[PDB]
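Printed here is data32.pdb (PDB, C-alpha atoms):
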ATOM      1  CA  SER A   6      69.027  12.399 -12.508
ATOM      2  CA  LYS A   7      68.220  13.229  -8.862
ATOM      3  CA  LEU A   8      65.276  15.200 -10.267
ATOM      4  CA  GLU A   9      62.641  13.142  -8.474
ATOM      5  CA  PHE A  10      59.663  15.394  -7.828
ATOM      6  CA  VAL A  11      56.890  14.280  -5.487
ATOM      7  CA  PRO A  12      53.948  16.706  -5.407
ATOM      8  CA  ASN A  13      52.454  18.343  -2.330
ATOM      9  CA  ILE A  14      48.791  19.338  -1.982
ATOM     10  CA  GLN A  15      47.746  22.906  -1.241
ATOM     11  CA  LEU A  16      44.629  25.039  -1.053
ATOM     12  CA  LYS A  17      45.332  28.179  -3.013
ATOM     13  CA  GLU A  18      42.413  30.414  -3.907
ATOM     14  CA  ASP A  19      39.361  29.761  -1.806
ATOM     15  CA  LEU A  20      36.892  31.568  -4.055
ATOM     16  CA  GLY A  21      33.197  31.861  -4.735
ATOM     17  CA  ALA A  22      30.231  30.125  -3.138
ATOM     18  CA  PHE A  23      31.591  26.665  -2.418
ATOM     19  CA  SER A  24      34.249  26.794  -5.126
ATOM     20  CA  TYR A  25      37.956  26.285  -4.533
ATOM     21  CA  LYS A  26      41.265  25.586  -6.300
ATOM     22  CA  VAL A  27      43.421  22.737  -5.054
ATOM     23  CA  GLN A  28      46.979  22.647  -6.378
ATOM     24  CA  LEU A  29      49.747  20.039  -6.726
ATOM     25  CA  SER A  30      52.864  22.073  -7.251
ATOM     26  CA  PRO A  31      55.914  19.902  -8.167
ATOM     27  CA  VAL A  32      54.835  17.240 -10.685
ATOM     28  CA  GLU A  33      57.136  15.177 -12.849
ATOM     29  CA  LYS A  34      56.672  16.527 -16.388
ATOM     30  CA  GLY A  35      54.244  14.177 -18.064
ATOM     31  CA  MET A  36      52.459  12.665 -15.086
ATOM     32  CA  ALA A  37      50.277  15.714 -14.508
ATOM     33  CA  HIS A  38      47.539  15.220 -17.105
ATOM     34  CA  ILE A  39      47.170  11.636 -15.892
ATOM     35  CA  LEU A  40      46.523  12.866 -12.353
ATOM     36  CA  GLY A  41      44.190  15.591 -13.531
ATOM     37  CA  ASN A  42      42.059  13.089 -15.414
ATOM     38  CA  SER A  43      42.077  10.445 -12.682
ATOM     39  CA  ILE A  44      41.114  12.990 -10.028
ATOM     40  CA  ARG A  45      38.314  14.458 -12.128
ATOM     41  CA  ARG A  46      36.931  11.026 -12.943
ATOM     42  CA  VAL A  47      37.112   9.620  -9.406
ATOM     43  CA  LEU A  48      35.707  12.697  -7.639
ATOM     44  CA  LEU A  49      32.666  12.808  -9.939
ATOM     45  CA  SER A  50      31.882   9.092  -9.499
ATOM     46  CA  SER A  51      33.143   7.442  -6.304
ATOM     47  CA  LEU A  52      32.807   9.915  -3.437
ATOM     48  CA  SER A  53      30.371   8.963  -0.687
ATOM     49  CA  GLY A  54      27.987  11.236   1.160
ATOM     50  CA  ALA A  55      24.769  11.424   3.147
ATOM     51  CA  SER A  56      21.217  12.364   2.199
ATOM     52  CA  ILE A  57      17.585  11.826   3.145
ATOM     53  CA  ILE A  58      16.358   8.438   1.983
ATOM     54  CA  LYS A  59      12.848   8.261   3.497
ATOM     55  CA  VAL A  60      10.296  10.617   5.058
ATOM     56  CA  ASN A  61       7.206  10.147   7.228
ATOM     57  CA  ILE A  62       4.816  13.084   7.447
ATOM     58  CA  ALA A  63       2.218  12.949  10.171
ATOM     59  CA  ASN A  64      -1.287  13.347   8.732
ATOM     60  CA  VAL A  65      -0.278  12.012   5.334
ATOM     61  CA  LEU A  66      -0.689   8.538   3.845
ATOM     62  CA  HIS A  67       0.921   8.806   0.413
ATOM     63  CA  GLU A  68       2.788  11.242  -1.776
ATOM     64  CA  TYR A  69      -0.152  12.334  -3.943
ATOM     65  CA  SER A  70      -1.783  13.890  -0.920
ATOM     66  CA  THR A  71      -2.419  17.349   0.501
ATOM     67  CA  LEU A  72      -2.329  19.042   3.895
ATOM     68  CA  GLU A  73      -4.565  21.802   5.175
ATOM     69  CA  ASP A  74      -3.199  25.344   5.536
ATOM     70  CA  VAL A  75      -0.017  24.207   3.740
ATOM     71  CA  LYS A  76       0.675  25.811   0.363
ATOM     72  CA  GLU A  77       2.359  22.722  -1.165
ATOM     73  CA  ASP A  78       1.503  19.091  -1.800
ATOM     74  CA  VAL A  79       3.528  16.167  -0.556
ATOM     75  CA  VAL A  80       4.979  15.607  -4.029
ATOM     76  CA  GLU A  81       6.440  19.127  -3.810
ATOM     77  CA  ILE A  82       7.668  18.739  -0.222
ATOM     78  CA  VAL A  83       9.490  15.485  -0.943
ATOM     79  CA  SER A  84      11.066  17.467  -3.779
ATOM     80  CA  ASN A  85      12.591  20.006  -1.370
ATOM     81  CA  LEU A  86      13.842  17.350   1.029
ATOM     82  CA  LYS A  87      16.267  16.429  -1.760
ATOM     83  CA  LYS A  88      18.148  19.734  -1.762
ATOM     84  CA  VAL A  89      18.920  19.504   1.959
ATOM     85  CA  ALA A  90      22.697  19.197   2.335
ATOM     86  CA  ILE A  91      23.571  17.177   5.440
ATOM     87  CA  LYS A  92      26.988  16.528   6.999
ATOM     88  CA  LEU A  93      27.223  13.343   9.056
ATOM     89  CA  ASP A  94      30.059  12.384  11.391
ATOM     90  CA  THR A  95      32.395   9.404  11.576
ATOM     91  CA  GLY A  96      30.531   6.265  12.473
ATOM     92  CA  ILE A  97      26.833   7.075  12.565
ATOM     93  CA  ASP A  98      26.026   5.630   9.141
ATOM     94  CA  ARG A  99      22.250   6.002   9.734
ATOM     95  CA  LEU A 100      19.855   8.058  11.868
ATOM     96  CA  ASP A 101      16.395   9.650  12.007
ATOM     97  CA  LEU A 102      16.107  13.416  12.036
ATOM     98  CA  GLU A 103      13.003  15.083  13.463
ATOM     99  CA  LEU A 104      11.084  18.229  12.573
ATOM    100  CA  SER A 105       8.185  19.733  14.508
ATOM    101  CA  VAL A 106       6.789  23.277  14.550
ATOM    102  CA  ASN A 107       3.679  25.253  15.468
ATOM    103  CA  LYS A 108       4.392  28.459  13.575
ATOM    104  CA  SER A 109       2.667  30.263  10.707
ATOM    105  CA  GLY A 110       5.397  30.929   8.176
ATOM    106  CA  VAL A 111       8.022  29.375   5.920
ATOM    107  CA  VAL A 112       9.336  26.141   7.402
ATOM    108  CA  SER A 113      13.032  25.787   6.589
ATOM    109  CA  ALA A 114      15.852  23.297   6.817
ATOM    110  CA  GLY A 115      17.094  25.064   9.941
ATOM    111  CA  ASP A 116      13.993  23.806  11.767
ATOM    112  CA  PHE A 117      15.228  20.250  12.243
ATOM    113  CA  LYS A 118      15.787  19.318  15.868
ATOM    114  CA  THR A 119      19.443  19.632  16.821
ATOM    115  CA  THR A 120      20.817  16.109  16.849
ATOM    116  CA  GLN A 121      24.467  15.634  17.686
ATOM    117  CA  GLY A 122      26.580  14.432  14.780
ATOM    118  CA  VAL A 123      24.201  15.855  12.199
ATOM    119  CA  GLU A 124      24.634  19.294  10.702
ATOM    120  CA  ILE A 125      22.508  20.922   8.025
ATOM    121  CA  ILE A 126      24.603  23.057   5.699
ATOM    122  CA  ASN A 127      21.993  25.108   3.836
ATOM    123  CA  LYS A 128      19.685  26.368   6.563
ATOM    124  CA  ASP A 129      17.457  28.680   4.518
ATOM    125  CA  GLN A 130      16.364  25.895   2.201
ATOM    126  CA  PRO A 131      12.539  26.156   2.135
ATOM    127  CA  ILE A 132      10.714  22.940   2.993
ATOM    128  CA  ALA A 133       7.046  23.944   3.241
ATOM    129  CA  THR A 134       4.932  27.056   3.716
ATOM    130  CA  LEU A 135       2.208  27.228   6.343
ATOM    131  CA  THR A 136      -0.256  29.951   5.391
ATOM    132  CA  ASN A 137      -2.124  29.653   8.695
ATOM    133  CA  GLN A 138      -0.886  28.589  12.103
ATOM    134  CA  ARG A 139      -0.793  24.830  12.601
ATOM    135  CA  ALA A 140       1.346  21.919  13.766
ATOM    136  CA  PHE A 141       3.678  20.410  11.158
ATOM    137  CA  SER A 142       5.757  17.331  11.964
ATOM    138  CA  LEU A 143       7.862  14.871   9.948
ATOM    139  CA  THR A 144      10.668  12.359  10.485
ATOM    140  CA  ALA A 145      13.335  12.098   7.779
ATOM    141  CA  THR A 146      15.781   9.184   7.642
ATOM    142  CA  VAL A 147      19.402   9.913   6.715
ATOM    143  CA  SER A 148      21.896   7.389   5.366
ATOM    144  CA  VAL A 149      25.309   7.113   3.730
ATOM    145  CA  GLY A 150      26.039   5.748   0.303
ATOM    146  CA  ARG A 151      27.199   6.626  -3.166
ATOM    147  CA  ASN A 152      25.620   6.868  -6.582
ATOM    148  CA  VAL A 153      26.032   3.260  -7.672
ATOM    149  CA  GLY A 154      24.022   3.900 -10.838
ATOM    150  CA  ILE A 155      20.439   3.661 -12.041
ATOM    151  CA  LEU A 156      19.647  -0.050 -12.300
ATOM    152  CA  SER A 157      21.466  -1.406  -9.246
ATOM    153  CA  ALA A 158      20.239   0.542  -6.227
ATOM    154  CA  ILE A 159      18.584   0.263  -2.824
ATOM    155  CA  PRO A 160      14.772  -0.146  -2.732
ATOM    156  CA  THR A 161      14.476   1.628   0.666
ATOM    157  CA  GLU A 162      12.194  -0.742   2.561
ATOM    158  CA  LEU A 163       9.254   0.911   4.316
ATOM    159  CA  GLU A 164       8.117   0.048   7.837
ATOM    160  CA  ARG A 165       5.410   2.386   9.176
ATOM    161  CA  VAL A 166       2.307   3.270   7.159
ATOM    162  CA  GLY A 167       3.035   6.780   5.972
ATOM    163  CA  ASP A 168       6.569   6.149   4.751
ATOM    164  CA  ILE A 169       7.557   7.722   1.446
ATOM    165  CA  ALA A 170      10.825   6.857  -0.282
ATOM    166  CA  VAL A 171      13.137   9.657  -1.397
ATOM    167  CA  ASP A 172      15.858   8.979  -3.971
ATOM    168  CA  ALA A 173      19.132  10.475  -2.861
ATOM    169  CA  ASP A 174      22.084  12.187  -4.535
ATOM    170  CA  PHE A 175      24.873  11.122  -2.227
ATOM    171  CA  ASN A 176      27.849  12.619  -4.080
ATOM    172  CA  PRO A 177      28.960  16.009  -2.669
ATOM    173  CA  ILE A 178      30.926  17.216  -5.735
ATOM    174  CA  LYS A 179      29.141  19.308  -8.334
ATOM    175  CA  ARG A 180      31.665  20.320 -10.992
ATOM    176  CA  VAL A 181      35.370  19.618 -11.539
ATOM    177  CA  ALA A 182      38.004  20.865 -13.955
ATOM    178  CA  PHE A 183      41.784  20.960 -14.087
ATOM    179  CA  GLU A 184      44.759  22.531 -15.809
ATOM    180  CA  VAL A 185      48.489  21.893 -16.135
ATOM    181  CA  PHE A 186      51.151  24.616 -16.091
ATOM    182  CA  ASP A 187      54.785  24.508 -17.192
ATOM    183  CA  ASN A 188      57.606  25.257 -14.766
ATOM    184  CA  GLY A 189      60.628  23.743 -16.493
ATOM    185  CA  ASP A 190      61.574  20.207 -15.428
ATOM    186  CA  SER A 191      58.262  20.077 -13.550
ATOM    187  CA  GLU A 192      54.636  21.098 -13.924
ATOM    188  CA  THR A 193      51.770  22.369 -11.790
ATOM    189  CA  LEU A 194      48.419  20.588 -11.644
ATOM    190  CA  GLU A 195      45.564  22.905 -10.667
ATOM    191  CA  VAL A 196      42.157  21.380  -9.828
ATOM    192  CA  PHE A 197      38.910  23.354  -9.533
ATOM    193  CA  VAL A 198      36.323  21.710  -7.279
ATOM    194  CA  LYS A 199      32.794  22.875  -6.472
ATOM    195  CA  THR A 200      31.059  21.038  -3.642
ATOM    196  CA  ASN A 201      27.697  21.349  -1.945
ATOM    197  CA  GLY A 202      29.244  22.131   1.425
ATOM    198  CA  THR A 203      29.489  18.859   3.317
ATOM    199  CA  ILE A 204      33.168  18.232   2.535
ATOM    200  CA  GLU A 205      36.337  20.267   2.189
ATOM    201  CA  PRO A 206      38.546  20.384  -0.897
ATOM    202  CA  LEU A 207      41.777  18.952   0.477
ATOM    203  CA  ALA A 208      40.010  16.068   2.207
ATOM    204  CA  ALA A 209      38.029  15.389  -0.962
ATOM    205  CA  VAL A 210      41.030  15.279  -3.276
ATOM    206  CA  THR A 211      43.102  13.092  -0.959
ATOM    207  CA  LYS A 212      40.152  10.705  -0.707
ATOM    208  CA  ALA A 213      40.041  10.593  -4.505
ATOM    209  CA  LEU A 214      43.751   9.792  -4.611
ATOM    210  CA  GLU A 215      43.339   7.107  -1.943
ATOM    211  CA  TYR A 216      40.752   5.434  -4.163
ATOM    212  CA  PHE A 217      42.933   5.757  -7.268
ATOM    213  CA  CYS A 218      46.019   4.311  -5.588
ATOM    214  CA  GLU A 219      44.082   1.390  -4.162
ATOM    215  CA  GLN A 220      42.964   0.746  -7.741
ATOM    216  CA  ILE A 221      46.463   1.078  -9.248
ATOM    217  CA  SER A 222      47.939  -1.217  -6.576
ATOM    218  CA  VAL A 223      46.892  -4.397  -8.381
ATOM    219  CA  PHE A 224      49.348  -3.926 -11.267
ATOM    220  CA  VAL A 225      52.383  -3.946  -8.971
ATOM    221  CA  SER A 226      51.976  -7.664  -8.298
ATOM    222  CA  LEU A 227      49.628  -9.176 -10.897
ATOM    223  CA  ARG A 228      48.151 -11.010  -7.899
ATOM    224  CA  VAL A 229      44.521 -11.154  -6.800
ATOM    225  CA  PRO A 230      45.032 -10.198  -3.131
TER     226      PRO A 230
ATOM    227  CA  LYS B1046     -23.859  14.696  -1.566
ATOM    228  CA  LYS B1047     -25.973  11.744  -0.386
ATOM    229  CA  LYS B1048     -29.019  12.086  -2.685
ATOM    230  CA  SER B1049     -27.936   9.228  -4.925
ATOM    231  CA  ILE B1050     -29.825   6.211  -6.235
ATOM    232  CA  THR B1051     -27.765   4.303  -3.631
ATOM    233  CA  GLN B1052     -25.182   4.046  -6.413
ATOM    234  CA  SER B1053     -25.508   7.566  -7.918
ATOM    235  CA  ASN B1054     -27.084   5.738 -10.899
ATOM    236  CA  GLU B1055     -29.082   2.612 -11.697
ATOM    237  CA  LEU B1056     -25.919   0.582 -10.921
ATOM    238  CA  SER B1057     -26.281  -1.579 -14.050
ATOM    239  CA  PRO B1058     -29.421  -3.705 -13.413
ATOM    240  CA  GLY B1059     -28.131  -7.170 -12.619
ATOM    241  CA  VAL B1060     -25.198  -5.602 -10.742
ATOM    242  CA  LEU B1061     -25.277  -4.553  -7.093
ATOM    243  CA  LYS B1062     -22.098  -2.608  -6.271
ATOM    244  CA  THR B1063     -19.482  -0.930  -8.459
ATOM    245  CA  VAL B1064     -16.181   0.007  -6.799
ATOM    246  CA  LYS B1065     -13.351   1.937  -8.466
ATOM    247  CA  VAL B1066      -9.681   1.992  -7.466
ATOM    248  CA  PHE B1067      -7.023   4.473  -8.602
ATOM    249  CA  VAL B1068      -3.327   3.594  -8.731
ATOM    250  CA  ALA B1069      -0.547   6.097  -9.442
ATOM    251  CA  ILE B1070       3.071   5.463 -10.464
ATOM    252  CA  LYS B1071       6.107   7.559 -11.406
ATOM    253  CA  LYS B1072       8.012   6.804 -14.598
ATOM    254  CA  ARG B1073      11.553   7.960 -15.346
ATOM    255  CA  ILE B1074      13.081   8.115 -18.805
ATOM    256  CA  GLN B1075      14.983   5.037 -19.948
ATOM    257  CA  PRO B1076      16.649   3.516 -23.024
ATOM    258  CA  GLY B1077      13.840   2.967 -25.484
ATOM    259  CA  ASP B1078      11.715   6.021 -24.819
ATOM    260  CA  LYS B1079      11.051   8.457 -27.620
ATOM    261  CA  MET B1080      12.073  12.105 -27.431
ATOM    262  CA  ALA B1081      11.679  15.022 -29.803
ATOM    263  CA  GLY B1082      12.079  18.735 -30.302
ATOM    264  CA  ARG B1083       9.749  21.304 -31.750
ATOM    265  CA  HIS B1084      11.510  21.326 -35.135
ATOM    266  CA  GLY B1085      10.574  17.935 -36.538
ATOM    267  CA  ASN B1086      13.425  15.918 -35.074
ATOM    268  CA  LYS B1087      12.623  12.764 -33.128
ATOM    269  CA  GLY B1088      14.700   9.877 -31.911
ATOM    270  CA  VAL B1089      14.947   7.067 -29.421
ATOM    271  CA  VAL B1090      17.171   7.206 -26.351
ATOM    272  CA  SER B1091      19.955   4.639 -26.704
ATOM    273  CA  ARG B1092      22.086   5.184 -23.617
ATOM    274  CA  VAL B1093      22.252   7.086 -20.354
ATOM    275  CA  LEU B1094      25.916   7.914 -19.957
ATOM    276  CA  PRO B1095      27.567   8.601 -16.603
ATOM    277  CA  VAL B1096      28.370  12.257 -16.129
ATOM    278  CA  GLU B1097      32.173  11.974 -16.183
TER     279      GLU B1097
END
Translate this file's structure into structure tokens.
Amino acid sequence: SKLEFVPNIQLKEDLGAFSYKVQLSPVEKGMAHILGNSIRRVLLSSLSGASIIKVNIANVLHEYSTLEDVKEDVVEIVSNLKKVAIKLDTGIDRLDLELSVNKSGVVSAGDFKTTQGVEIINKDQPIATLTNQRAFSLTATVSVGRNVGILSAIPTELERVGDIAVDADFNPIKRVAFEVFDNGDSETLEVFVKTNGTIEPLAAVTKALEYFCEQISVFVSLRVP
Amino acid sequence: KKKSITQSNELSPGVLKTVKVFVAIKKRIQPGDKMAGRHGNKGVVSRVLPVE
């Protein structure tokens, strides 16, 4: 036949907020819907990320607490430390961020001390509001992991006295779709990915395919390892 | 703010001190909990499906 197509990955159409369109141009006329489904189902379930897993505010003992001059309660601050999109580097795997101010306005996500390796993606994410001038300090802990599901999870052991546990959403992908187009003797797979910002579309989709191939590679031998 | 009866009451004659303790917990929805809408339709949650 000599009609062996092997698809190549591309990044047509960078659109929207954090929305893109990956594309796999030469596909072998039947194998495209399989790849669309496997990509959509592995992106939305197996990708790893980083998030805040524990916080320690200074003059605060528990979560059902309150600070002076601050317009929020700790239950509402720990709720904003969940929308902070962080981007770790290669082999850190764990670290403690630090925040400390003495201003009199909206504290933001941009106010974390500049650690190397960390990078906050959404910088105008409100964290707290100080209505009068005062000193506001907290230490968030960042970790890597994936959404392993509700029951099985990590209990997030606490060490100091004011430690509060935050439950993280590690996956960076928010919404996937796909489509398949006809070319004649080949087809075009077209993926739509929407991320939070801490990963790029090509790297994401090739990580998905790496996972899927490592899964498929057990049926080529019918052997355990 | 301190003008009590040393217990803000008689403290149950025969009893010296009464101490109270408050405990708070957060509860997520799970299979078994009952849900409903404003139109007369109720039902019990059977499964939490993954999103894909």
At most 10 Å to chain B: residues in chain A, all atoms listed in the file, as a list in words: residues 42, 45, 46, 47, 48, 49, 50, 68, 69, 154, 155, 180 and 181 of chain A
Minimum-distance residue to residue 66 of chain A, chosen among A:182, A:166, A:208, A:156 (using all atoms listed in the file): A:166
The PyMOL selection byres ((chain A and resi 114-125) around 6) applied to the shown file, residues as a PyMOL selection string: chain A and resi 90-94+103-104+113+126-128+130
Shortest interatomic distance to residue 1076 of chain B - which of B:1094, B:1089, B:1064, B:1056, counting only C-alpha atoms: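 Residue with the minimum atom-to-atom distance to residue 1076 of chain B: B:1089.
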Near segment 133-136 of chain A, counting all atoms listed in the file, which residues have an atom at most 12 Å away, once you skip same-chain residues fewer than 3 positions from it, shown as a PDB file with C-alpha atoms, in the coordinates of the input?
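Below you can see around21.pdb, which holds the result:
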ATOM      1  CA  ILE A  62       4.816  13.084   7.447  1.00  0.00           C
ATOM      2  CA  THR A  71      -2.419  17.349   0.501  1.00  0.00           C
ATOM      3  CA  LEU A  72      -2.329  19.042   3.895  1.00  0.00           C
ATOM      4  CA  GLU A  73      -4.565  21.802   5.175  1.00  0.00           C
ATOM      5  CA  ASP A  74      -3.199  25.344   5.536  1.00  0.00           C
ATOM      6  CA  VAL A  75      -0.017  24.207   3.740  1.00  0.00           C
ATOM      7  CA  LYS A  76       0.675  25.811   0.363  1.00  0.00           C
ATOM      8  CA  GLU A  77       2.359  22.722  -1.165  1.00  0.00           C
ATOM      9  CA  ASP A  78       1.503  19.091  -1.800  1.00  0.00           C
ATOM     10  CA  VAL A  79       3.528  16.167  -0.556  1.00  0.00           C
ATOM     11  CA  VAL A  80       4.979  15.607  -4.029  1.00  0.00           C
ATOM     12  CA  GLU A  81       6.440  19.127  -3.810  1.00  0.00           C
ATOM     13  CA  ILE A  82       7.668  18.739  -0.222  1.00  0.00           C
ATOM     14  CA  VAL A  83       9.490  15.485  -0.943  1.00  0.00           C
ATOM     15  CA  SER A  84      11.066  17.467  -3.779  1.00  0.00           C
ATOM     16  CA  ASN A  85      12.591  20.006  -1.370  1.00  0.00           C
ATOM     17  CA  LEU A  86      13.842  17.350   1.029  1.00  0.00           C
ATOM     18  CA  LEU A 104      11.084  18.229  12.573  1.00  0.00           C
ATOM     19  CA  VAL A 106       6.789  23.277  14.550  1.00  0.00           C
ATOM     20  CA  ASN A 107       3.679  25.253  15.468  1.00  0.00           C
ATOM     21  CA  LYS A 108       4.392  28.459  13.575  1.00  0.00           C
ATOM     22  CA  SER A 109       2.667  30.263  10.707  1.00  0.00           C
ATOM     23  CA  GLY A 110       5.397  30.929   8.176  1.00  0.00           C
ATOM     24  CA  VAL A 111       8.022  29.375   5.920  1.00  0.00           C
ATOM     25  CA  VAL A 112       9.336  26.141   7.402  1.00  0.00           C
ATOM     26  CA  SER A 113      13.032  25.787   6.589  1.00  0.00           C
ATOM     27  CA  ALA A 114      15.852  23.297   6.817  1.00  0.00           C
ATOM     28  CA  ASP A 116      13.993  23.806  11.767  1.00  0.00           C
ATOM     29  CA  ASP A 129      17.457  28.680   4.518  1.00  0.00           C
ATOM     30  CA  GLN A 130      16.364  25.895   2.201  1.00  0.00           C
ATOM     31  CA  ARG A 139      -0.793  24.830  12.601  1.00  0.00           C
ATOM     32  CA  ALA A 140       1.346  21.919  13.766  1.00  0.00           C
ATOM     33  CA  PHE A 141       3.678  20.410  11.158  1.00  0.00           C
ATOM     34  CA  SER A 142       5.757  17.331  11.964  1.00  0.00           C
ATOM     35  CA  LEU A 143       7.862  14.871   9.948  1.00  0.00           C
TER      36      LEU A 143
END
Atom pair atom CA of residue 30 of chain A / atom CA of residue 54 of chain A: separation (Å):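 These two atoms are separated by 28.4 Å.
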Atomic distance atom CA of residue 149 of chain A - atom CA of residue 95 of chain A, expressed in Å with one decimal: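 Straight-line distance from atom CA of residue 149 of chain A to atom CA of residue 95 of chain A works out to 10.8 Å.
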All residues 9 Å or closer to residue 55 of chain A, only C-alpha atoms, same chain fewer than 4 positions away omitted, as a ChimeraX atom specification: /A:90-93,98-99,147-151,173-177,203
Same residues, C-alpha atoms, saved as a CSV table (one decimal), in the coordinates of the input:
chain,number,residue,atom,x,y,z
A,90,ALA,CA,22.7,19.2,2.3
A,91,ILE,CA,23.6,17.2,5.4
A,92,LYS,CA,27.0,16.5,7.0
A,93,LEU,CA,27.2,13.3,9.1
A,98,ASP,CA,26.0,5.6,9.1
A,99,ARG,CA,22.2,6.0,9.7
A,147,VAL,CA,19.4,9.9,6.7
A,148,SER,CA,21.9,7.4,5.4
A,149,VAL,CA,25.3,7.1,3.7
A,150,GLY,CA,26.0,5.7,0.3
A,151,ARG,CA,27.2,6.6,-3.2
A,173,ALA,CA,19.1,10.5,-2.9
A,174,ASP,CA,22.1,12.2,-4.5
A,175,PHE,CA,24.9,11.1,-2.2
A,176,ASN,CA,27.8,12.6,-4.1
A,177,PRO,CA,29.0,16.0,-2.7
A,203,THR,CA,29.5,18.9,3.3
First collect every listed atom of segment 1065-1078 of chain B; then fit an axis-aligned box around them, widen it by 4 Å on each side, and give centre and edge lengths in Å to one decimal, as lines of an AutoDock Vina configuration file.
center_x = 1.6
center_y = 5.0
center_z = -16.5
size_x = 38.0
size_y = 14.2
size_z = 26.0
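Excluding residue 185 of chain A itself and same-chain residues fewer than 6 positions from it, the residues having an atom within 9 Å of it are residues 37, 38, 41, 192, 193, 194, 195 and 196 of chain A, counting all atoms listed in the file.
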Expected file: the selected residues, C-alpha atoms, as a PDB file, in the frame of the given file:
ATOM      1  CA  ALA A  37      50.277  15.714 -14.508  1.00  0.00           C
ATOM      2  CA  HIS A  38      47.539  15.220 -17.105  1.00  0.00           C
ATOM      3  CA  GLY A  41      44.190  15.591 -13.531  1.00  0.00           C
ATOM      4  CA  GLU A 192      54.636  21.098 -13.924  1.00  0.00           C
ATOM      5  CA  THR A 193      51.770  22.369 -11.790  1.00  0.00           C
ATOM      6  CA  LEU A 194      48.419  20.588 -11.644  1.00  0.00           C
ATOM      7  CA  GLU A 195      45.564  22.905 -10.667  1.00  0.00           C
ATOM      8  CA  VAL A 196      42.157  21.380  -9.828  1.00  0.00           C
TER       9      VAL A 196
END
Selected residue, from A:229, A:207, A:221, A:178, that lies nearest to residue 13 of chain A when counting all atoms listed in the file: A:207
Option closest in space to residue 161 of chain A, from A:60, A:14, A:29, A:204 [counting all atoms listed in the file]: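 Distance minimum relative to residue 161 of chain A lands on A:60.
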Distance of atom CA of residue 186 of chain A from atom CA of residue 217 of chain A, expressed in Å to one decimal place: 22.4 Å
Selected residue, from A:159, A:179, A:44, A:187, that lies nearest to residue 31 of chain A when counting all atoms listed in the file: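 Among the listed residues, the smallest separation from residue 31 of chain A belongs to A:187.
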Minimum-distance residue to residue 1092 of chain B, chosen among B:1072, B:1078, B:1065, B:1050 (using all atoms listed in the file): B:1078
Is there a way to complete segment 20-31 of chain A with N, CA and C atoms and then write that out as a PDB file, keeping the file's coordinate frame?
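Okay, this is what ended up in selection_39.pdb:
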ATOM      1  N   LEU A  20      37.663  30.564  -3.348  1.00  0.00           N
ATOM      2  CA  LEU A  20      36.892  31.568  -4.055  1.00  0.00           C
ATOM      3  C   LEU A  20      35.412  31.284  -3.879  1.00  0.00           C
ATOM      4  N   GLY A  21      34.595  32.147  -4.473  1.00  0.00           N
ATOM      5  CA  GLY A  21      33.197  31.861  -4.735  1.00  0.00           C
ATOM      6  C   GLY A  21      32.347  31.254  -3.637  1.00  0.00           C
ATOM      7  N   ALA A  22      31.259  30.604  -4.050  1.00  0.00           N
ATOM      8  CA  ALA A  22      30.231  30.125  -3.138  1.00  0.00           C
ATOM      9  C   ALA A  22      30.693  28.923  -2.331  1.00  0.00           C
ATOM     10  N   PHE A  23      30.926  27.810  -3.002  1.00  0.00           N
ATOM     11  CA  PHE A  23      31.591  26.665  -2.418  1.00  0.00           C
ATOM     12  C   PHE A  23      32.643  26.157  -3.378  1.00  0.00           C
ATOM     13  N   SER A  24      33.256  27.078  -4.108  1.00  0.00           N
ATOM     14  CA  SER A  24      34.249  26.794  -5.126  1.00  0.00           C
ATOM     15  C   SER A  24      35.648  27.017  -4.574  1.00  0.00           C
ATOM     16  N   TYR A  25      36.596  26.207  -5.030  1.00  0.00           N
ATOM     17  CA  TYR A  25      37.956  26.285  -4.533  1.00  0.00           C
ATOM     18  C   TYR A  25      38.921  26.069  -5.685  1.00  0.00           C
ATOM     19  N   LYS A  26      40.206  25.937  -5.351  1.00  0.00           N
ATOM     20  CA  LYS A  26      41.265  25.586  -6.300  1.00  0.00           C
ATOM     21  C   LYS A  26      42.346  24.833  -5.541  1.00  0.00           C
ATOM     22  N   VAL A  27      42.296  23.506  -5.550  1.00  0.00           N
ATOM     23  CA  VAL A  27      43.421  22.737  -5.054  1.00  0.00           C
ATOM     24  C   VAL A  27      44.583  22.842  -6.034  1.00  0.00           C
ATOM     25  N   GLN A  28      45.785  22.545  -5.550  1.00  0.00           N
ATOM     26  CA  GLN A  28      46.979  22.647  -6.378  1.00  0.00           C
ATOM     27  C   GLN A  28      47.993  21.597  -5.962  1.00  0.00           C
ATOM     28  N   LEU A  29      48.679  21.016  -6.943  1.00  0.00           N
ATOM     29  CA  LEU A  29      49.747  20.039  -6.726  1.00  0.00           C
ATOM     30  C   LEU A  29      50.986  20.567  -7.441  1.00  0.00           C
ATOM     31  N   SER A  30      51.921  21.123  -6.679  1.00  0.00           N
ATOM     32  CA  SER A  30      52.864  22.073  -7.251  1.00  0.00           C
ATOM     33  C   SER A  30      54.017  21.415  -8.000  1.00  0.00           C
ATOM     34  N   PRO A  31      54.872  20.575  -7.373  1.00  0.00           N
ATOM     35  CA  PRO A  31      55.914  19.902  -8.167  1.00  0.00           C
ATOM     36  C   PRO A  31      55.476  18.570  -8.761  1.00  0.00           C
TER      37      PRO A  31
END
